[PDB]
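Working notes, beginning with the structure itself.
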Amino acid sequence: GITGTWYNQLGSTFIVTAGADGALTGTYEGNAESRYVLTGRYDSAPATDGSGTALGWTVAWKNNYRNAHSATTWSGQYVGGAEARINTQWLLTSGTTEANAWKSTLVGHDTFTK
Amino acid sequence: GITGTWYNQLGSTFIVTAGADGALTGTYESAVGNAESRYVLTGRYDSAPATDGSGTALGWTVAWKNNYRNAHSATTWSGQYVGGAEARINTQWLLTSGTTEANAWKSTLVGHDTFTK
Amino acid sequence: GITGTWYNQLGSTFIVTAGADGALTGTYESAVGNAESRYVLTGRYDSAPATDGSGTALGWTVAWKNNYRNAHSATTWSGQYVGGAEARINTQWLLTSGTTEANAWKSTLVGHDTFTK
Amino acid sequence: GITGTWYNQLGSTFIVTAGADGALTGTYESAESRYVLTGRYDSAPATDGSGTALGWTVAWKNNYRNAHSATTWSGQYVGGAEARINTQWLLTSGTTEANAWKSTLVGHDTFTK
């Protein structure tokens, strides 16, 4: 299922483990200074009708090495089978002063392959 | 700072602990006072924010499954903590539901929330 | 009730004419006063809304180019009109700027705006 | 290069004209299925390799049907060889205000000429 190593369109790598508790843990990454801790949740008892499995996770972009004062959340679903995929939409927020709060959040989409 | 209980306009509250390791752990109560409405929250925050008056970036996730219900969906909030006489967390959120591939175009809602401590 | 002059929280102002056509035309003054801050807007609205209490779906676009300035980007607002004496337009918006392909992942901001008449 | 006929990732077609004044005017076929489109684009884009920013709106009402909804697409045009439009979109339906929180969907679409 979801546990394993996933790659997106643009080279990022995420190694995740799905607990039976609905917990998601892993890293978004190779080299230490590019690795960040992730945490999230997923639906551990999805519908049995062909629907995907809902899930979400967060990465705060601060590690031992660097800090971009920002965090990304990904919301999407796992679709299993032949080529398993995770289709997501994401929000990136940066810490801003009150003056720039209007432009603090980027939106995008990502697809991961196992 | 972030550690505490937070309420929105609209009848929702959450209790959270901001760990020194950048972890966010807590429980989200969808309907204030309703015990079957409690869900695990887990997220991350910037544990060393800028000292230039900028807020503190964060995010969390709730999958809407608990002992009592399962809505087959998950919400993620992305935003920032703004300290003040009245502290706030300002967010944008994405709620994704499980769908078949054909209905994927309609699986994700977007909105915004503001919580006050 | 849509036709008229609207203001948001940030002190942007827009003036719209709502056509029976379902056309929305007018100008968006991101500032107040100056020609230099004035841009064309165009959009569309549901000109035969449900009469069950639900609001009126609408959308419009501004490209941030005028004869004084060009920010190489455009914003789209998607929302609905709630009529009556305390009329309001609640929106979510997307701002996209021109980028290279390599940099397209950071080209679009999302946010929300509330307008009052 | 924006003027023309564009096709998305399964079905939908649109025909648009890019006016000298920054206007986009056209027709969107969501498969009786034809609707008015209107928008704006950057008529004087940077010459540094950057795409052309744009946006357009469709309200889903024509003389045959009405879904009490409107979609806005925001994105950019990428010219040359494999010219395309990459967009993200917001779909808002009229709702009562108790149901406001669930009025707006968000997505992405890519168009080809």
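Each chain gets a letter, A, B and so on, in the order the sequences are listed, and its residues count up from 1.
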Quiz item: Given the rule in the side chain to side chain contact (heavy atoms under 4.5 Å, CB included) test, do B/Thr61 and A/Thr73 qualify, once you have shown the distances and angles that lead to the verdict?
Solution: CA-CA 8 Å; B/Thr61 303; A/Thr73 62; 5.5 Å; no
Self-check item: Shortest non-hydrogen contact from A/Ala71 toward B/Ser78
Solution: O-OG, 3.9 Å
Quiz prompt | Shortest non-hydrogen contact between B/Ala57 and A/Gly95, atoms and distance | solution =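 Scanning both residues, the minimum pair turns out to be CB-N, 4.1 Å.
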[X] versus chain B, heavy atoms under 4.5 Å apart: side chain, backbone, both or neither?
X       : answer
A/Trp90 : backbone
A/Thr96 : both
A/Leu91 : both
A/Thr88 : neither

Quiz item: Short question: side chain of A/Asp43, backbone of B/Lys65 - any donor-acceptor pair under 3.5 Å?
Solution: no
Quiz item: Which residue out of B/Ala63, B/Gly53, B/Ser97 racks up the most heavy-atom pairs below 4.5 Å with chain A?
Solution: B/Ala63
Self-check item: Winner by heavy-atom pair count (cut-off under 4.5 Å) against chain A, out of B/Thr75, B/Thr108, B/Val82, B/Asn70
Solution: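 Among B/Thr75, B/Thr108, B/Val82, B/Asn70, the one with the most close pairs to chain A is B/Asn70.
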Practice problem: Using heavy atoms and a sub-4.5 Å threshold, report which of residues 6-36 of chain A line up against chain B, by residue number. | Solution: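 Expected list: none.
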Quiz item: Does some side-chain heavy atom of A/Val37 sit less than 4.5 Å from a side-chain heavy atom of B/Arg44?
Solution: yes
Quiz prompt | Residues B/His72, A/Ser51; criterion side chain to side chain contact (heavy atoms under 4.5 Å, CB included); working and verdict | solution = CA-CA 9 Å; B/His72 300 308; A/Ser51 287; over 6 Å; no
Self-check item: Which of A/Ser70, A/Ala101, A/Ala68, A/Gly76 touches chain B most, by non-hydrogen pairs under 4.5 Å
Solution: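 Most pairs with chain B among the choices: A/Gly76.
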Exercise. Using the side chain to side chain contact (heavy atoms under 4.5 Å, CB included) rule, take A/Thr93 and B/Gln92 through it: C-alpha gap first, then chi angles, then the decisive distance, then the call.
Key: CA-CA 9 Å; A/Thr93 299; B/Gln92 300 241 231; over 6 Å; no
